[PDB]
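Values reported hereafter were calculated over all heavy atoms of this structure, with side chains retained and with hydrogens, waters and symmetry mates removed. Chain naming here is simple, since letters A, B, ... match the order of the sequence lines and numbering starts at 1 in each.
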Amino acid sequence: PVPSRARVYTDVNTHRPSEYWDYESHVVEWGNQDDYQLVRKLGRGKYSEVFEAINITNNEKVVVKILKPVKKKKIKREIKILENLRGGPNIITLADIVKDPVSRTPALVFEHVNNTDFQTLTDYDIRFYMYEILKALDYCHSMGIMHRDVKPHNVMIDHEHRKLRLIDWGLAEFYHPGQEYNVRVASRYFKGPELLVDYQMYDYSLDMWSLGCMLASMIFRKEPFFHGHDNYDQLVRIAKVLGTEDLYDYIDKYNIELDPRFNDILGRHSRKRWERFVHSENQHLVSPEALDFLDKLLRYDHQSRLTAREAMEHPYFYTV
Amino acid sequence: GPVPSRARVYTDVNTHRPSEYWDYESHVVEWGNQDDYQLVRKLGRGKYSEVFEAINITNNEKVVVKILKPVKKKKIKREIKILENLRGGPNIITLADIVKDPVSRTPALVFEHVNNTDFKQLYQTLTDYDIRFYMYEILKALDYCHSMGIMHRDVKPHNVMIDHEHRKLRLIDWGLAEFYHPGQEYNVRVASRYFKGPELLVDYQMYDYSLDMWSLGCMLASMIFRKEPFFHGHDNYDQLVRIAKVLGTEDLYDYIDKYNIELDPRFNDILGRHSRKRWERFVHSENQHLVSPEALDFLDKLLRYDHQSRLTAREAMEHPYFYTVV
Ligand SMILES: CCc1ccccc1-c1ccc(CNCCc2nc3cc(OC)ccc3[nH]2)cc1Cl
Ligand SMILES: CCc1ccccc1-c1ccc(CNCCc2nc3cc(OC)ccc3[nH]2)cc1Cl
């Protein structure tokens, strides 16, 4: 395959000392979890359990994410990235790194977030929160980090305080030009074309594809927008909207070899117009600006997608 | 008999934990294969250990291998359990592996590598800021291990490794460490002569984390005054006389009376009568650049006969002497 690199923040890690991006060499100081009393379980992840807790030293609520130590290297990676991004705009704030004295199970302690469930959402609300996610993305990309798991589940919102946080940095990675990354990242519905066609030299632009999937689901009230039933089928769902002509132009541009599992399922599909997804229940959220912005996000060619900084200057945000 | 005493902080941390945490005799040690490590050079030798720099042949990383002379099996289980409990704590030496050589079957502990700077030459280059910085780093380790219900019981310069280039500090050699249980009567034959707290010297067995705070105080005094060691006893009885020559014999009697301690008759002919000295007395041309009212106030609050009056590690971290450190 043809090599590729990010159009923005290409060498931000290259120009930084190894201590910034060498997470394997990072020394983790595990404090005592006795300073936190667990209150209740909030939810479960594939390798984590999140709890609401109280910091007994200052009577403040916190969130404790207890990690199943399946891969030690991955825990070091998440901790290093969270430490590097700590305090960045709309990034979940790592407050402490602790282990229970008896269990010795790794646990991450974060700032509390009064997560609203979610209906009454306005056109302005979508622009507002989309801009808030872009602030987090332009910040983490500028810090040489790809989130690689952008989806609604990883965005916490406190609608009362108009506060948004990008969470779960467990799949995040440092961007190095020319690096070949594992494509088994992100959640099925939000996997970029690059992951599905097994193109390993991807970049921050993957997060922009995921953001586009979120936008399409909201404005069209179709969740998920690209509803694959497996990783191969996911690419077919994309092809049913974007067309198969541009998919071949993409794979040809990067000299990608298509897995033979696509042979019997891909078929032939026309490129659809975004206006076709507009209906009576969603028309109050759709506008020419929204469709133009969406069109500039959902592109097979990762290099042609808007960057988070370019996306922030789009007319769709002129009102925020 | 003597008046009972308990720690002012972290009193019941082990009492409220399941026996698995502190019953080291029942702990099952999994001894791995030492073939993954090649010994490079000897770093130093302890009374019952030899510490080597080694290379982990599976990942080409340097490690530290402590080969223990298995004189007391229970003590090895204790050290292993404590190191396992504290594994990953701030400024605590990190146990990486537990191994036995296939032929020798000698117990060996494998730790994270530490680039130990020789301070015998950099003792002269240290600044007031450096002493406050490294003292704060030791207090992080102590407040952490105490919070984990562990007393180190051998706090001294030899058991503190510093990589000055990276401003990295590690509290090592947990061979004498013990689990704190309120009301437990401990062996007083712990720590190293110069660093022994008065509780040990007067054979008061019901001591606690505060013992480590006296030892830290001896280290602070030897550094800021450039007097190594600060309390230079020639035997364990004489060590108390050297402390009394500074702290005075009036406060020593107030201490033993408070806990109804019986003073060993071996003290009769050597203790004498001594005035309480002012800390400013130890200031001289060679060390004045390391001394300040804050430093002497902090030292005065560590070096107290009464173990209960000494600052805890958490109280010590909030002292004005540390206002200048992160
Ligand atoms: C209105 C903004 C918006 C624009 C476009 C597309 C979607 C959305 C959106 C819609 C809903 C949500 C809320 N997602 C909830 C996130 C969440 N995981 C959690 C995990 C937990 O424990 C594991 C607990 C609470 C959690 N809470 C976030 C977002 Cl960003
Ligand atoms: C400025 C730091 C400081 C502030 C206040 C009082 C003392 C000190 C201090 C001064 C020097 C040192 C360094 N000690 C190194 C100890 C050490 N064990 C070793 C064991 C070895 O084999 C078993 C080999 C080398 C070793 N090397 C530590 C400390 Cl904590």
Side-chain angles (χ1 to χ4, degrees), chain A residues 16-38 53-60 62 64-80 82-84 86-87 94-109, chain B residues 9-23 27 56 59-62 80-97 111-115 137 140-150 163 165-171 179-180 313-314 317-318:
Chain A
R16 283 178 190 128
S18 86
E19 294 78 8
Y20 181 77
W21 44 260
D22 185 8
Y23 56 87
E24 290 162 73
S25 300
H26 179 68
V27 166
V28 185
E29 291 187 331
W30 301 90
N32 194 339
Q33 195 184 116
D34 290 349
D35 286 331
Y36 306 95
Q37 194 166 325
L38 297 182
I54 186 94
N55 181 347
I56 68 141
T57 68
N58 59 15
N59 209 6
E60 289 203 305
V62 295
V64 172
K65 178 198 198 163
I66 293 161
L67 315 146
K68 303 176 204 168
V70 138
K71 295 145 186 124
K72 287 175 186 72
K73 208 161 272 182
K74 204 177 93 72
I75 294 162
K76 283 195 156 192
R77 190 181 64 191
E78 181 175 359
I79 293 168
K80 185 70 189 182
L82 284 169
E83 287 207 47
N84 291 337
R86 200 200 308 247
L94 182 64
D96 208 358
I97 303 164
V98 295
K99 278 184 171 205
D100 171 73
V102 180
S103 85
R104 309 259 78 234
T105 304
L108 304 182
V109 180
Chain B
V9 291
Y10 312 127
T11 317
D12 301 319
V13 296
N14 287 318
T15 306
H16 290 117
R17 287 170 179 140
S19 79
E20 189 209 303
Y21 185 78
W22 47 257
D23 183 9
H27 177 69
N56 181 347
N59 59 15
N60 209 7
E61 288 203 307
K62 294 207 279 176
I80 293 168
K81 186 69 188 187
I82 287 174
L83 282 171
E84 287 207 45
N85 291 334
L86 303 176
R87 201 199 307 247
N91 297 339
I92 311 297
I93 196 72
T94 311
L95 183 66
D97 207 357
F111 306 93
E112 61 158 296
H113 186 263
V114 173
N115 278 285
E137 293 297 302
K140 292 192 208 162
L142 295 178
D143 186 41
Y144 172 78
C145 74
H146 294 168
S147 83
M148 300 279 288
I150 295 148
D163 179 351
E165 185 184 307
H166 306 281
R167 299 189 76 90
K168 182 170 100 180
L169 179 151
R170 297 291 184 266
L171 182 59
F179 293 91
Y180 179 69
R314 182 62 256 173
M317 292 170 89
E318 279 168 279

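Only the backbone of A:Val28 comes within contact range of chain B, with at least one heavy atom under 4.5 Å from a heavy atom of that chain. Interface remark: B:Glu84 contributes backbone atoms only to the contact with chain A (heavy atom separation under 4.5 Å). Neither the backbone nor the side chain of A:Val98 comes within less than 4.5 Å of any heavy atom of chain B.
Interatomic distance, B:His166 NE2 to A:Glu19 CD, rounded to the nearest 0.5 Å: 8.0 Å. Between A:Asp100 atom CG and B:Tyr21 atom OH the span is 9.5 Å, to the nearest 0.5 Å.
Other residues, nucleotides and ligands contribute over 12 non-hydrogen atoms within 6.0 Å of the CG atom of B:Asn59. Within 6.0 Å of atom NZ in A:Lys72, 12 or fewer heavy atoms from other residues, nucleotides or ligands are found, so the atom counts as exposed in its surroundings.
Between A:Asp34 and B:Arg17 there is a salt bridge, with a side-chain nitrogen of the basic residue lying less than 4.0 Å from a carboxylate oxygen of the acidic one.
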inquiry  = Run the side-chain contact (heavy atoms from CB on, under 4.5 Å) test on B:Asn91 and A:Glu29 for me, step by step, so that the C-alpha distance in whole Å, both residues' side-chain angles and the decisive distance to 0.1 Å come before the verdict.
reply    = CA-CA 8 Å; B:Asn91 297 339; A:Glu29 291 187 331; 3.5 Å; yes

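Side chain of A:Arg104 to main chain of B:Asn85: a donor-acceptor pair is present (N/O by atom type, distance under 3.5 Å, no hydrogens or angles).
When B:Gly149, B:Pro18, B:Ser147 are compared by the number of non-hydrogen pairs under 4.5 Å with chain A, B:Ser147 comes out ahead.
Summarising the geometry of A:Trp30 relative to B:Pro90, their closest heavy-atom pair is O-CD, 3.9 Å, with the distance given to 0.1 Å.
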